Amino acid sequence: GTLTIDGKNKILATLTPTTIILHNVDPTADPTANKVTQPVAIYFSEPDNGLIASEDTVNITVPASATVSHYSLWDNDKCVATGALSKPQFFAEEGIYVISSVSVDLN
Amino acid sequence: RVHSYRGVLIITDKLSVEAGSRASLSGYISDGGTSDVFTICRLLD
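First, a word on scope: everything that follows refers to the structure included in this document.

The rules behind the values
- Residues numbered from 1 in each chain as written, not as in the entry; some residues may be left out.
- Chains lettered and ligands numbered in written order.
- Part of a larger assembly, values for the part shown.
- Heavy atoms only, no water.
- Helix = DSSP H or I, 4+ residues; strand = E, 2+ residues; numbered from the N terminus.
- Contact = heavy atoms within 4.5 Å.
- Buried area = accessible area lost by both parts, 1.4 Å probe.
- Salt bridge = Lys/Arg side-chain N within 4 Å of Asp/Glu carboxyl O.
- Polar contact = N/O pair within 3.5 Å; in protein donor to acceptor, adjacent residues only side chain to side chain.
- Nonpolar A, V, L, I, M, F, W, Y, C, P; charged D, E, K, R; others polar.
- Pairing = 2+ DSSP bridges.
- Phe/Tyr/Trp six-rings, centres within 6.5 Å; stacked < 30°, edge-to-face > 60°.
- Buried < 20%, exposed > 50% of the residue type's maximum accessible area, 1.4 Å probe, protein only.
- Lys NZ or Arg CZ within 6 Å of the ring centre and 35° of its normal.
- Core = buried A, V, L, I, M, F, W, Y, C linked by side-chain atoms within 4.5 Å.

A few words now on the environment of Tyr43(A). Within the fold, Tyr43(A) resides in the loop between β2 (40-41) and β3 (51-53). Those residues in contact with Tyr43(A), other than ones at most four positions away along the chain, are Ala53(A), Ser54(A), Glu55(A) and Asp56(A).

Following this line, the structure appears as structure tokens:
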């Protein structure tokens, strides 16, 4: 009982997230709570081998004195993914948080 | 002179996600099936 590679490739083409938002608490609860930054556009490529990767880097402006510990992907708003950042960061002043690249997998 | 300046603190990360999958299926070799009507029968030619 498992999806074939063709099934995964067909499946991933429907997930089309286009914005990313950061949080200081895990958005596994109500996803719109504890929002810390404005949404930033993000693009993804075609699914190959059941995996999609971000096309380019994304720069997110962290408001001064804010903290970021988690993130979530949004579409037409529905949050499709959530996760925790590699390290909780305390932006004592305004700064830039860089997402080099993020991928979604079915394996 | 001795001078100092300030810059914006920049950080980078690698967030990625994955899901996984499963499949299931159940059955058996059939016999008789199920019928609402079930009575003794006689079959002439």
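So much for the structure itself; the text now carries on.
A few words now on the interface of chain A and chain B. Every contact between the two is made by 26 residues of chain A and, on the other side, 17 residues of chain B. Between chain A and chain B, a total of about 1,800 Å² is buried, with carbon and sulfur atoms accounting for 56% of that surface. Linking chain A to chain B there are 1 salt bridge. Here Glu93(A) ties to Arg6(B) by a salt bridge, and the two come within 3.2 Å at their closest N and O atoms. Seen at the junction of chain A and chain B, the total is 13 residue pairs in polar contact. Per-element accounting of the side of chain A that touches chain B gives the leading share, 6 residues, to strand β6 (residues 79-90) of chain A. Broken down by class, the residue content of the side of chain A that touches chain B amounts to 13 nonpolar, 9 polar and 4 charged.

Moving on, we get to the sheet that holds strand β1 (residues 19-23) of chain A. Pairing within the open sheet is antiparallel, and its 4 strands lie in the order β2-β1-β5-β6 (chain A). Looking along the sheet, the strands with just one partner apiece sit at the ends: β2 and β6 of chain A.

All names here are of chain A. The full count for this structure, using the stated rule, is 1 aromatic pair over all chains. Aromatic side chains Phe91 and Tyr97 sit 6.4 Å apart centroid to centroid with 40° between the ring planes, which places their arrangement in the tilted category. The exposure classification of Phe91 matches that of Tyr97, with both residues buried. Residue placement shows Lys35 over the ring face of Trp74; its charged tip is 5.3 Å from the ring centre.

All names here are of chain A. Alternating residues of strand β4 (residues 58-62) divide into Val58, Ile60 and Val62, all buried, and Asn59 and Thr61, none buried. With 5 bridges joining them, β4 and strand β7 (residues 95-99) adopt antiparallel strand pairing. Bridging across to β7, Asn59 finds its partner in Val98.

On to the sheet that holds strand β2 (residues 17-18) of chain B. Read from one edge to the other, the open sheet built from 3 strands follows the order β3(A)-β8(A)-β2(B), with strand pairing classed as mixed. Across the chains shown, the open sheet's two edge strands, defined by having one partner strand only, are β3 of chain A together with β2 of chain B. As paired strands, strand β8 (residues 103-105) of chain A and β2(B) are joined by 2 bridges and run parallel to one another. Residue pairing across strands places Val104(A) opposite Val17(B), the latter belonging to β2(B).

Residue and element names in this part refer to chain A. In terms of nonpolar packing, the biggest core is built from 25 residues, with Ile20, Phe44, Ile60, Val68 and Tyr97 touching the most fellow members. For this core, the secondary structure elements donating two or more residues are β1, β4, β5 (67-74), β6 and β7. Beyond its immediate chain neighbours, meaning those up to four positions away, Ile20 contacts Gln38, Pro39, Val40, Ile42, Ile60, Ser72, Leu73 and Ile99.

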